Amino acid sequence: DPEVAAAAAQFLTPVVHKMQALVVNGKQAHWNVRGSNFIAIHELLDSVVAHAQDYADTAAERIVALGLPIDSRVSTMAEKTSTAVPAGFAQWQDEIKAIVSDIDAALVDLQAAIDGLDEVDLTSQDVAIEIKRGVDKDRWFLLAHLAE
């Protein structure tokens, strides 16, 4: 099935882009974060970035194992992707809100992959589900700090 492979690339490719973007912009947030929660938030952002890289890898290799290429060069990723992470120094609350905003957009792509792969490829569906479990948990670890 050329269509099973076509459908994974269509649904999983946005996932590789946003997860690979989260690695880079996540490291930006980790470097520049300031303020009274520094060390916890600096470490937490490092763990989200490690997760993001593992997820980009799982999704990318699921596409490639099906026999289709992935274009995830820097130029392409920057084209398909954007970020609320500030350019410079920012308070820990602001870094959190910026990363949650990047995570929310990745969640919309994970859910679209989950619904889109239901009637086509349960194995590729399972990859988006496993990623969404981890990203939902990261989103909570981050956002619970602002709950009040």
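Each residue number is its position in the shown sequence, starting from 1.
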**Asked** Of 43-51 and 79-87, which one has the bigger average CA B-factor?
**Response** 79-87
**Request:** Going by the CA temperature factor in the entry, name the top one among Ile96, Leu68, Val33, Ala60.
**Result:** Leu68
**Request:** Name the one of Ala29, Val120, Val100, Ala56 with the greatest CA B-factor according to the PDB entry.
**Result:** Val120
**Message:** Considering every modelled residue of the chain and its Cα B-factor in the PDB entry, is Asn25 in the lowest, middle or highest third?
**Reply:** lowest
**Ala128 by Cα B-factor - lowest, middle or highest third of the modelled chain** = lowest
**Request:** Determine, from the deposited record, the chain-internal third of the Cα B-factor for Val135: lowest, middle or highest.
**Result:** lowest
**Fill in**
So, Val15's CA B-factor, relative to its chain, sits in which third? The lowest
